[PDB]
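Colleague: Pasting in a structure now, in structure tokens, and then I'll have a few things to ask.
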Amino acid sequence: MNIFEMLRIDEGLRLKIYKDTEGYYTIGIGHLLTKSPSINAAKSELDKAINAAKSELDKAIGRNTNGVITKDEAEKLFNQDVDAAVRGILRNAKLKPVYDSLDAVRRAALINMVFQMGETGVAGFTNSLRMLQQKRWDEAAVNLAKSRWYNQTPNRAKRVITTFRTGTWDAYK
């Protein structure tokens with residue numbers, strides 16, 4: 001168990017563009033592309049949407065991907081996607097210190113959240129981060145459970161939350 005496995009589990013893997021849970025054009029190990037649109041307003045908006053997706057895709061890939069990729073390709077983006085997140089965290093004056101305060105397993109937990117909801121969003125968990133940084137695991141856990149993140153993605157959140165609290169990988173084990 002490491003951050004990779006952890007998000008590989010949490011994010012899934014598909015080698016053909018699919019409409020995710022959040023309505024985004026997505027591919028690989030949760031590498032979003034485009035934001036899928038509304039209730040029947042296309043074509044042409046549909047077409048434009050997917051194409052943009054493809055384009056975004058071909059961009060990241062370096063080739064004419066017809067919205068279909070390979071494990072190797074997905075996996076390449078995933079690692080990138082991970083890096084970017086670690087980086088957000090360490091540049092972010094809110095996250096940075098929490099991260100610095102954390103341990104290996106707990107770090108993966110923070111990374112996960114960022115990977116999933118981005119630097120800014122994660123950076124807003126003012127109180128939870130506080131607790132985190134103070135090593136108030138249970139308090140933190142409880143608080144994190146009152147979140148929108150949690151309400152919207154309970155299973156996953158639950159998983160992420162148990163890691164912070166126990167400091168183990170039990171919820172992935």
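If you're wondering about the labels, chains in the structure tokens are A, B, ... by order shown, residues count from 1 in each chain, ligands from 1 in order shown.
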What's around residue A:95 at 9 Å? Count only C-alpha atoms, leave out sequence neighbours fewer than 3 positions away in its own chain, and write the answer as a PyMOL selection string.
Modeller: chain A and resi 88-92+98-100+110+119+122-123+129
Colleague: Would you list, as a ChimeraX atom specification, the residues of stretch 34-171 of chain A that end up in alpha helix (DSSP H) under DSSP run on this structure's backbone?
Modeller: /A:45-61,71-91,95-101,104-117,119-123,126-134,137-144,148-152,154-166
Colleague: Emit the selected residues as a CSV table (one decimal), in the first residue's frame, including C-alpha atoms.
Modeller:
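The resulting file, part08.csv, is shown below:
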```csv
chain,number,residue,atom,x,y,z
A,45,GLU,CA,-22.7,21.0,-28.1
A,46,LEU,CA,-22.3,17.4,-27.5
A,47,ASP,CA,-19.9,16.9,-30.4
A,48,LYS,CA,-18.0,20.0,-29.4
A,49,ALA,CA,-17.6,18.7,-25.9
A,50,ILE,CA,-16.2,15.3,-26.7
A,51,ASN,CA,-13.9,16.7,-29.4
A,52,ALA,CA,-12.6,19.2,-26.8
A,53,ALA,CA,-12.1,16.2,-24.6
A,54,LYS,CA,-10.2,14.4,-27.3
A,55,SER,CA,-8.2,17.4,-27.9
A,56,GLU,CA,-7.4,17.8,-24.3
A,57,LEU,CA,-6.5,14.1,-24.5
A,58,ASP,CA,-4.3,14.1,-27.6
A,59,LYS,CA,-2.6,17.1,-25.8
A,60,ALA,CA,-1.6,15.2,-22.7
A,61,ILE,CA,-0.8,12.1,-24.8
A,71,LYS,CA,-2.5,1.3,-19.5
A,72,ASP,CA,1.0,2.7,-20.0
A,73,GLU,CA,-0.6,6.0,-21.1
A,74,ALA,CA,-3.1,6.1,-18.3
A,75,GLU,CA,-0.4,5.3,-15.9
A,76,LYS,CA,1.8,8.1,-17.3
A,77,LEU,CA,-0.8,10.7,-16.6
A,78,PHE,CA,-1.5,9.2,-13.2
A,79,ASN,CA,2.0,9.7,-12.0
A,80,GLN,CA,2.0,13.2,-13.4
A,81,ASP,CA,-1.4,13.8,-11.7
A,82,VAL,CA,0.2,12.7,-8.4
A,83,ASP,CA,3.3,14.9,-8.7
A,84,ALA,CA,1.2,18.0,-9.4
A,85,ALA,CA,-0.8,17.3,-6.3
A,86,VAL,CA,2.3,16.9,-4.1
A,87,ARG,CA,3.4,20.2,-5.5
A,88,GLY,CA,0.2,22.0,-4.8
A,89,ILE,CA,0.4,20.9,-1.3
A,90,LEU,CA,4.0,22.0,-0.7
A,91,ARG,CA,3.5,25.4,-2.4
A,95,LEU,CA,-1.3,22.7,3.3
A,96,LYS,CA,2.4,22.8,3.3
A,97,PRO,CA,2.8,22.8,7.1
A,98,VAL,CA,0.1,20.2,7.7
A,99,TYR,CA,1.9,18.0,5.3
A,100,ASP,CA,5.1,18.7,7.0
A,101,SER,CA,3.6,17.6,10.2
A,104,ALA,CA,3.9,8.7,5.6
A,105,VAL,CA,0.4,7.1,5.7
A,106,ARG,CA,-1.3,10.3,6.7
A,107,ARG,CA,0.5,12.2,3.9
A,108,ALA,CA,-1.0,9.8,1.4
A,109,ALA,CA,-4.4,10.7,2.8
A,110,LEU,CA,-3.8,14.5,2.2
A,111,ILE,CA,-2.4,13.8,-1.2
A,112,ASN,CA,-5.6,11.8,-2.0
A,113,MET,CA,-7.9,14.6,-1.0
A,114,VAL,CA,-5.9,17.0,-3.1
A,115,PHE,CA,-5.8,14.6,-6.0
A,116,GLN,CA,-9.5,14.3,-5.7
A,117,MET,CA,-10.6,17.8,-5.0
A,119,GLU,CA,-5.3,22.2,-3.7
A,120,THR,CA,-7.7,25.1,-3.2
A,121,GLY,CA,-10.6,23.0,-2.1
A,122,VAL,CA,-8.6,20.9,0.2
A,123,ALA,CA,-6.9,24.1,1.5
A,126,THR,CA,-9.5,25.1,8.0
A,127,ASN,CA,-10.6,23.4,11.1
A,128,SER,CA,-9.8,19.8,10.1
A,129,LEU,CA,-6.4,20.8,9.0
A,130,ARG,CA,-5.8,22.5,12.3
A,131,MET,CA,-6.7,19.3,14.1
A,132,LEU,CA,-4.7,17.3,11.7
A,133,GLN,CA,-1.6,19.4,12.4
A,134,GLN,CA,-2.2,19.1,16.1
A,137,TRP,CA,-6.9,12.3,14.8
A,138,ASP,CA,-10.4,11.4,16.2
A,139,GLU,CA,-11.5,15.0,16.4
A,140,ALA,CA,-10.3,15.4,12.9
A,141,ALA,CA,-12.0,12.3,11.8
A,142,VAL,CA,-15.3,13.5,13.4
A,143,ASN,CA,-15.1,16.8,11.8
A,144,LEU,CA,-14.2,15.5,8.3
A,148,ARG,CA,-19.7,17.9,1.7
A,149,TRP,CA,-16.9,15.9,0.4
A,150,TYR,CA,-18.0,13.2,2.7
A,151,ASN,CA,-21.7,13.6,1.9
A,152,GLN,CA,-21.0,13.4,-1.8
A,154,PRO,CA,-18.9,8.7,1.7
A,155,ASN,CA,-17.3,5.4,0.8
A,156,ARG,CA,-14.1,7.1,-0.4
A,157,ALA,CA,-14.2,9.8,2.2
A,158,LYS,CA,-14.7,7.1,4.9
A,159,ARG,CA,-11.6,5.4,3.5
A,160,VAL,CA,-9.6,8.6,3.6
A,161,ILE,CA,-10.9,9.5,6.9
A,162,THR,CA,-10.0,6.1,8.6
A,163,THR,CA,-6.4,6.6,7.4
A,164,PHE,CA,-6.0,9.9,9.1
A,165,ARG,CA,-7.5,8.6,12.3
A,166,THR,CA,-5.8,5.2,12.7
```
Colleague: What is the distance, in Å and to one decimal place, between atom CA of residue A:28 and atom CA of residue A:173?
Modeller: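 Between these atoms lies a distance of 22.9 Å.
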Colleague: Would you mind reading off the distance between atom CA of residue A:145 and atom CA of residue A:102, one decimal, in Å?
Modeller: 19.8 Å
Colleague: Just give me the gap between atom CA of residue A:26 and atom CA of residue A:118 in Å, one decimal is fine.
Modeller: 15.6 Å
Colleague: Of the candidates A:7, A:41, A:171, A:32, which shows the shortest atom-to-atom distance to residue A:20, using only C-alpha atoms?
Modeller: A:32
Colleague: Per DSSP on the backbone, filter stretch 15-157 of chain A down to the residues in strand (DSSP E or B) and report them as number ranges by chain.
Modeller: A: 15-19, 24-28, 31-35, 68
Colleague: Using the selection just defined, write its residues with N, CA, C and O atoms as a compact mmCIF listing (two decimals), in the first residue's frame.
Modeller:
```txt
# COMPACT_ATOMS: atom_id res chain seq x y z
N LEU A 15 -9.71 2.91 -20.14
CA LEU A 15 -8.88 3.34 -21.25
C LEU A 15 -9.57 3.97 -22.43
O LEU A 15 -8.97 4.12 -23.50
N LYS A 16 -10.84 4.33 -22.19
CA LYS A 16 -11.74 5.01 -23.12
C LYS A 16 -12.58 6.03 -22.34
O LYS A 16 -13.20 5.71 -21.31
N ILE A 17 -12.58 7.27 -22.83
CA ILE A 17 -13.31 8.36 -22.19
C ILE A 17 -14.69 7.95 -21.72
O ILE A 17 -15.48 7.34 -22.46
N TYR A 18 -14.97 8.31 -20.47
CA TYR A 18 -16.24 8.05 -19.87
C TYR A 18 -16.67 9.22 -19.05
O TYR A 18 -15.84 9.97 -18.53
N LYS A 19 -17.99 9.35 -18.91
CA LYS A 19 -18.59 10.39 -18.10
C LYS A 19 -18.55 9.97 -16.64
O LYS A 19 -19.20 9.01 -16.22
N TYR A 24 -17.81 14.95 -15.63
CA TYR A 24 -16.67 15.36 -16.41
C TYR A 24 -16.25 14.27 -17.39
O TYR A 24 -16.39 13.07 -17.12
N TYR A 25 -15.72 14.69 -18.53
CA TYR A 25 -15.15 13.77 -19.48
C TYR A 25 -13.82 13.39 -18.83
O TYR A 25 -13.01 14.28 -18.49
N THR A 26 -13.68 12.08 -18.56
CA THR A 26 -12.56 11.51 -17.85
C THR A 26 -11.94 10.29 -18.51
O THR A 26 -12.55 9.65 -19.37
N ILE A 27 -10.71 9.99 -18.10
CA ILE A 27 -9.99 8.87 -18.66
C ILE A 27 -8.86 8.48 -17.73
O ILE A 27 -8.44 9.26 -16.89
N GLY A 28 -8.41 7.24 -17.90
CA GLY A 28 -7.36 6.62 -17.11
C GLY A 28 -7.81 6.40 -15.66
O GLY A 28 -8.94 5.97 -15.36
N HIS A 31 -8.21 10.85 -14.75
CA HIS A 31 -7.64 12.05 -15.30
C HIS A 31 -8.73 12.76 -16.05
O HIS A 31 -9.08 12.32 -17.16
N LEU A 32 -9.32 13.81 -15.45
CA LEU A 32 -10.41 14.52 -16.13
C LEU A 32 -9.94 15.25 -17.34
O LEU A 32 -8.79 15.69 -17.42
N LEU A 33 -10.89 15.40 -18.26
CA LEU A 33 -10.64 16.07 -19.52
C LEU A 33 -11.49 17.30 -19.66
O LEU A 33 -11.04 18.43 -19.48
N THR A 34 -12.74 17.01 -20.00
CA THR A 34 -13.76 17.99 -20.23
C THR A 34 -14.85 17.86 -19.17
O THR A 34 -14.98 16.86 -18.48
N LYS A 35 -15.67 18.88 -19.08
CA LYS A 35 -16.82 18.88 -18.22
C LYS A 35 -18.00 18.56 -19.13
O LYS A 35 -18.28 19.29 -20.07
N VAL A 68 -9.16 6.94 -26.76
CA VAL A 68 -8.82 5.62 -26.30
C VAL A 68 -7.36 5.64 -25.96
O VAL A 68 -6.55 6.10 -26.77
```
